[PDB]
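>>> Pasting the sequence and an experimental structure:
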Amino acid sequence: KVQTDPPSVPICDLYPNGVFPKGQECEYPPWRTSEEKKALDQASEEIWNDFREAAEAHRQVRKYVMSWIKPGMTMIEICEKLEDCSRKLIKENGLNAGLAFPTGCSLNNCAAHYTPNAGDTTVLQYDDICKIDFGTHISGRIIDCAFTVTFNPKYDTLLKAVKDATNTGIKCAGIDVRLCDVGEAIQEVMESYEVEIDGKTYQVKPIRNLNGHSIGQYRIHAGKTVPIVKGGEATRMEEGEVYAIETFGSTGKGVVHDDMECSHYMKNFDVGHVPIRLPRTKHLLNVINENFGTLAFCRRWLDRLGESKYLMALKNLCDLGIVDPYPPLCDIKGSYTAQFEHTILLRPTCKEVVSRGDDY
Ligand SMILES: O=S(=O)(c1cccs1)N(Cc1ccc(F)cc1)Cc1ncn[nH]1
Ligand SMILES: [Mn+2]
Ligand SMILES: [Mn+2]
């Protein structure tokens, strides 16, 4: 009925009749706040409500994380503590409710897609800049939302720059808005910031090959990309679409490349059923189909299901194009990267920043 400290009560039990809190509602940028639109919006109320339940789990998990995340903890300890909480609040139930993708805790010049695999001894340090990026879902309605953790105030202005650029992207987004215009607007704001870190000055660079993305049911990246620099596609955002608006700022080259051991994997959404006779590969694909479907997973999540010595079977599925690997994405050695991300609903009546909290 009432949430505990530490959080343990599922969000569904905190609401009496399955009506979850709305996120931040915004008027679209320059007639909708329309009977045709109001009815069209109401027709998807069950869907918006699923996003809101997942968003409330995301808000409660991240507030709890911020209370205890500290240097000295291992990255595994952080991810396990966060994920244990997330499973409880979302009331994990197979593909009906659960974790939408692994917990990113990328450090320093690593901007995204790093989560420890078994045996990783990495310890969070006082000077680290850590991007906590995790997702929850109800019925495949995904919340993709992220923030940056630091302990040293030297990164405060870099975080402020990226947060403002993400908020600028969110404000610019709308029905019939050109994706390229969102990218231009984000870049102008991010580049308006100069920061000083350890006696060196930088003009914050958007990471040009990182992007926001449309979201589909059980589909983290549905096909449209939201650039964070100028020169993109004039393709428009459409009514009823859902987007992850994320921005990344860097003190390095402002470009990422694959680096480090891969931890994130996801079945290719478009690949059809593929009969497998190789026993270990067949078993692993069945495990993936049963537990994740088209949602992303990580090696730790296969380990927890009691799977072991599966790396060759996993490589086989990647080589067949059934599963895609998503390795960590890093800028140059010595650079600092920061990220903020929210999920927005392009509802017929308004734009809802469904994952907005009192934090960011
Ligand atoms: O970089 S992405 O592949 C992408 C961005 C634009 C078009 S495709 N990607 C989606 C994703 C892919 C695999 C995962 F296991 C989890 C997520 C961004 C992202 N990661 C975390 N939050 N957001
Ligand atoms: Mn994310
Ligand atoms: Mn994303």
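In hand now; what should we look at? Residues are numbered from 1 along each chain as shown. Ligands and ions are numbered 1, 2, ... in the order given.
>>> Please count neighbours and contacts with C-alpha atoms only from this point.
Fine.
>>> center of this structure - which residue?
Closest to where the C-alpha atoms of the chain average out (C-alpha atoms, centre = their mean) is residue 144, at 3.5 Å.
>>> I'd like to know how far residue 188 sits from ligand 2.
Between residue 188 and ligand 2 the computed distance is 22 Å (C-alpha to the ion, to the nearest Å).
>>> element containing that residue?
helix 179-191 (DSSP states H and E).
>>> Provide the contact partners of that helix at residue level.
161-162, 164-166, 168-169, 172-173, 203-206, 225-237, 247, 249 (C-alpha atoms under 8 Å, 6 or more residues apart in numbering).
>>> ditto for stretch 73-81
The contact list for stretch 73-81 (C-alpha under 8 Å, 6+ apart) reads 69, 103, 105, 115-118, 120-124.
>>> same question, stretch 131-142
Applying C-alpha under 8 Å, 6+ apart, the contact partners of stretch 131-142 are 47, 50-51, 53-55, 57-58, 86, 90, 95-107, 111-112, 143-149, 215-220, 338-339.
>>> which ones among the residues you listed are found in helices?
If you go by DSSP state H, these have 47, 50-51, 53-55, 57-58, 86, 90 in helices.
>>> got a list of what the residue in the stretch 51-200 of the chain that ligand 1 sits nearest to touches?
Nearest residue of the stretch 51-200 of the chain to ligand 1, counting by C-alpha to the nearest ligand atom: residue 101, 5.3 Å away. Each residue near residue 101 by C-alpha under 8 Å, 6+ apart is listed here: 134-136, 295-297.
>>> Tell me the residues of the stretch 51-200 of the chain that contact ligand 2?
Taking C-alpha under 5 Å from the ion, the part of the stretch 51-200 of the chain that reaches ligand 2 is made up of 133, 144.
>>> related to what we said a few turns ago, nearest spatial neighbour of the residue nearest to the centre of the chain, skipping sequence neighbours?
With C-alpha to C-alpha, 6 or more residues apart in numbering as the criterion, residue 144 has its nearest non-adjacent residue at 4.8 Å, and that residue is residue 135.
>>> Could you do residue 344 as well?
Leaving aside its chain neighbours, residue 344 sits nearest to residue 353 (4.4 Å; criterion: C-alpha to C-alpha, 6+ apart).
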